[PDB]
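Down below is the structure, laid out as structure tokens.
Cβ sites come from the backbone with ideal geometry, for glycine too, and all protein chains shown count toward neighbours. Each value in this text was obtained by applying a stated rule to the coordinates, not by laboratory testing.
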């Protein structure tokens, strides 16, 4: 019997990027459960200010049993559900791509326009023409989110949801 | 037996941003119930002037029972329903992005137009052509709410709603 | 047994904003009921000229029951149904936002137009291009009314509606 | 602390030793061993000559000795009166008895705290000094108060 | 506030006497243990000198003692 | 408006009660001296009963119905055993718990409000004082009742109007099992509860000088 | 104020109390959480520390205690702990009204005697346990000087209370061992007085025994039958005197 929503401690070993869900295993190291482990998955939030881990398939040694307590994880010494990872992955790449494409468009077209008032014309050529398709593709790819990736050597605490027996 | 709507005091340990719903537990430190804990969740208001927490799943030691008294929180020492955090998280970034994109648009177009009466042309180029995509993306992202986050070391008071047995 | 619609006094200790309806409790201090408590919620009026509170969940000490007498409140020493708080929260903020955005639009466009009949051009640039987006956003946000918020240390008078046993 | 008395009311060992020193320098004998206190007072400084009467000025000394006694908890207090051989034995015994009764009465009247007050006088039945020249002036003409402070 | 004022100072606390002992050979006029002899003849307490305060709770102010007698002083008025 | 009256009455009751109780305690020894229970205890540690006396009574029921008597006596409380005499305290002492929480909700704001609040508190405190005094009166009446009843029992017994109580003691030697033993067991049991005797033929009168 | 009724009312007549009441209520809502934890931790620390110190002091002077509590000298002939007796004098009981029951002396058997193997040591009655605690679970903390000071003083009070509790437990154990020893010595005294039958034991013997695989030399069986008890014929009691 495990009290509804008590605290357990485990260590996470298998790291994975927040791109493809997969069975992630944690190892209970102390407390009543010794040598036990727990497989689960994650979710993806709309805003990447945090990252939570879903744990459902609990295995205990000793006997041939497979309980299914579903529980989440909390970061120790932060007392928050966020994950130790990075969130500035792909801001600058797309910002620079879009800005450069637009700048090329403008350079070609404006220097062509201001001809009234040869290598300069060739620069006009390159900028004005290659800007547009690059800019539209950059707008197409601009919506890709900045990912996060969990780490393979971070411990964790797990708050329970239901009881077991 | 608990009277309908009295006051109890507890401590909140696990903090969370007002971004992703998830289980949050508190521990009753006073009153008749001792060692008792409480799981619940939160909601999101239309305006960030306040924040409240939903608490429903009360776990009491002694017997393998799971009562479901639903209750909310009232801030001790303030007696107000708001949550102690920061609420000006995401005003300046969006304001600056919008204003800079607009300024670029205007500078490019007007200083190109005013040629009637090379580096100046290049500045016009950059401003005029990179203002537009940036401005439309800023209008796209401008409606991002400014978030709040509870604290991991703040106590709280709980007012009751119904009775128990 | 309480006469239909008689008068009682009570004290409000928990403050709340008129933004998220929720449980708010008060305590009867005089009359036949001593230490009795009262849970209820508020309503949002059509205009910010007043604010009233619904009181329905009455709990009498001693006995293990929760009657459902519904009643409202009046302002002590004023004999009014309004609320004692501030109501001028968000007039000038939206007025100034809208007026500044309009002034920017006008300055840019008109001072660009008046050229026929560099820093001046740049000011025209900024005004003409940052006025419009700010103006449409201000028109979007101008619908937010001025809210009221009760205090945590105000007493009250309560008129009854129906009888009890 | 405000509920349970931290110390016995109106007591101060510094005051106790101060008044003991003042009595000793005044010359009235004060002594104690273990938890038993004995105080001796010459008869001349208290009574008039060969009479069971109290000198008027002696009331201040009696007042302050009662004040000192008020700084103790006791049950039984014994007072004895000894004098010099003057005319007979019976007369001297009567004089000592009357003196003891008077002083005991005044002490009881004052705010002393006791359950038993014993008083007796003997006269010149047992001296405490071989020198026996003077009469009322002799130091053996004395009044003695004895008791035990318990707990 | 020195119990052994103008004396050697506190030595220890004799529990059988419930009293402090000064460094010089005397018992201080202060207590240390609650199991001593303190001469108090005045105190407080509702439902006093009866079965004590009955543990019941009443919607009104009516209060009773375990002997069954009531106390207006302990109760309120109306 | 009325919290003034309530708190005034409470404070007045508490203050008057504490003052009267401490004054009573200060004037101690004479009280126990006059209310000396033990010397009135009978031989067998039996609390004597209490007698109620009345003189020249008359009751009218209705027309042509009036019943008149000269004297009457009644047994209030039957005699019974006791292990220690009661004292003045169980009749005269009254409890005191000081209130300290005037609920600060209705507070003085304007001058006339302050004045009416002050005067209402004053009158309420006077009410509390007099109510405490009345309670003291009732206590005094009750204790006087009991003492007078005991005295009247003594006097009727002297006048040979009430049979004295009667008791029997039965003694047994060694008693118990191999595990529990008692040296001498004494069982005291009373039989004759004191009561009035209607036979006037044995009544005795006395005359002083 | 409340005690000096009129003075306190005229003091409340000013609005300074009417504004201080809110600023003190806002503190009175919350402060108890810190103080309860302070009392709990103070009690824990005081109990543990006082227990450890008293255990060390106890172990300091074991030898005299061992000498005084010689159960071995009290052991009977056949390695049997003597029984335990309790005696009360001047017993009185008011069962109800109209009837009372008294007696001079009464005697009760606490623990029936039985076989023993080792003389029980005082440690089984006196040795305090001791587990050092190393879990200060401090969740909430004071914020300003006032709450810090009240926290400190409440921890001190908790330490005091823990010391008191430990001392009381030690005293209770002392009382228990005292009454056990008193019961044994009382049994010895009464057996000298010739008022209690001595325990009676029989013994049986067999020589060699067993099968061809298991054998024993001398199977001796000792069985105690007549348990000690109080007699009822007081006439046989032999009196005692002194000089």
Query raised in the report: From the Cα gyration tensor of region F:1-144, with a ≥ b ≥ c the square roots of its eigenvalues, which class applies: rounded if a/c is under 1.5, or else prolate if a/b is larger than b/c, or else oblate?
Result: oblate
Report summary line: Inter-copy distances for residue B:78, label 7 Å out on the Cα-Cβ vector, sorted ascending, nm, one decimal, are 2.4, 2.4
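Given a Förster radius of 45 Å and the C-beta distance between residue D:109 and residue F:138 as r, what FRET efficiency does 1/(1 + (r/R0)^6) yield to the nearest 0.05?
0.75
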Report task. Take every residue in peptide C:122-135, count the Cβ atoms of other chains within 10 Å of its Cβ, and give the average of those counts. Result -> 6
Requested in this report: Between residue B:117 and residue A:84, with labels modelled 7 Å along Cα→Cβ, what's the label distance in nm to one decimal, could you check?
Outcome: 6.4
Report task. Compute the FRET efficiency between residue F:74 and residue F:183 as 1/(1 + (r/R0)^6), taking r as their Cβ-Cβ distance and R0 = 56 Å, and round to the nearest 0.05. Result -> 0.80
Requested in this report: May I ask you to sort E:67, F:21 by Cβ crowding, counting other Cβ atoms within 10 Å and putting the fewest first?
Outcome: E:67, F:21
Report task. Specify the inter-centroid distance of region C:43-65 and region B:21-63, based on alpha-carbon positions, in whole Å. Result -> 24
Report summary line: Normalised per residue, the volume inside the convex hull of the alpha-carbon atoms of region F:1-49 in Å³ amounts to 109
Query raised in the report: Which distance in Å, rounded to a whole number, links the C-alpha centroids of region F:189-209 and region F:64-111?
Result: 33
Requested in this report: Take peptide E:28-40, look around each residue's Cβ out to 10 angstrom, count Cβ atoms belonging to other protein chains, and average those counts.
Outcome: 4
Report task. Please arrange E:72, G:179 by counting, for each residue, the other beta carbons lying within 10 Å of its beta carbon, fewest first. Result -> G:179, E:72
Query raised in the report: Expressed as an acute angle from 0 to 90° and rounded to the nearest 10, what is the orientation of the C-alpha long axis of helix D:13-26 relative to the principal long axis of chain D?
Result: 20
**Report entry** 222 nm mean residue ellipticity, helices alone, for chain A (DSSP H n ≥ 4; -39,500 (n - 2.57); rounded to 500)
**Finding:** -9500 deg cm²/dmol
Report summary line: Output row for residue B:96: copy-to-copy label distances, label 7 Å along Cα→C-beta, ascending, in nanometres, one decimal, is 2.0, 2.1
Report task. Calculate, in nm to one decimal, what residue D:122 and residue D:38 gain on full extension: separation in residues at 0.36 nm each, minus their alpha carbon distance. Result -> 28.5 nm
Requested in this report: Can you bin the protein assembly as shown into rounded, prolate or oblate? Criterion: square roots of the alpha carbon gyration tensor eigenvalues sorted a ≥ b ≥ c, rounded for a/c under 1.5, prolate for a/b above b/c, oblate for the rest.
Outcome: prolate
**Report entry** Relative contact order of chain G, pairs being alpha-carbon contacts under 8 Å that are 6 or more residues apart, as %
**Finding:** 22
Report task. Measure nothing but the geometry: give the 0 to 90° angle between the long axis through the Cα atoms of F:111-158 and the longest principal axis through the Cα atoms of chain F, rounded to 10°. Result -> 10
Query raised in the report: Measuring from a point 7 Å out along Cα→Cβ, what nm distances, shortest first, does residue A:146 have to its partners in the other copies?
Result: 2.0, 4.0
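Given Cα pairs under 8 Å that are at least 6 residues apart, what percent is the relative contact order of region F:24-95?
The normalised contact order for region F:24-95 reaches 35 percent.
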Requested in this report: Report the dimensions of region D:1-105 along its three principal axes from the alpha-carbon atoms, largest first, rounded to Å.
Outcome: 61, 27, 27
Query - Rough spin-label spacing in nm, given labels placed 7 Å along Cα→Cβ, for residue A:20 and residue B:43 - result: 4.2
Query raised in the report: Between chain A and chain C, with a rotation axis joining them, whose C-beta in A is nearest that axis, and what is the whole-Å distance?
Result: A:116, 28
Query raised in the report: Could the peptides C:75-81, A:70-76, A:6-12 be put in order, highest first, of the mean number of other beta-carbon atoms found within 10 Å of their residues?
Result: A:70-76, A:6-12, C:75-81
Query raised in the report: Between residue F:53 and residue D:62, what FRET efficiency follows from the Cβ-Cβ distance if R0 is 41 Å, with the result rounded to 0.05?
Result: 0.20
Query raised in the report: Which whole-number percent gives the relative contact order of region G:69-123, counting Cα pairs below 8 Å spaced six or more residues apart?
Result: 43
Query - Computed label-point distance, nm, for sites residue C:27 and residue B:64 using a 7 Å Cα→Cβ extension - result: 4.1
Report task. Using only the Cα atoms of region B:107-165, construct the convex hull and provide its projected area averaged over every direction, in square nanometres to one decimal. Result -> 9.9
Query raised in the report: Which angle between 0 and 90 degrees, to the nearest 10, do you get for helix F:3-26 versus the longest principal axis of chain F when only C-alpha atoms count?
Result: 40
Query - Debye equation applied to the C-alpha atoms of region A:59-125, log10 I(q)/I(0) at 0.11 Å⁻¹ - result: -0.60
Report summary line: Footprinting proxy, A:90, F:182: sorted fewest to most Cβ within 10 Å, the residues are A:90, F:182
Requested in this report: Please work out the C-alpha center-to-center distance from region B:74-103 to region G:215-243 and express it in whole Å.
Outcome: 93
Query - For residues of B:63-71, the mean tally of beta carbons on other chains within 10 Å - result: 2
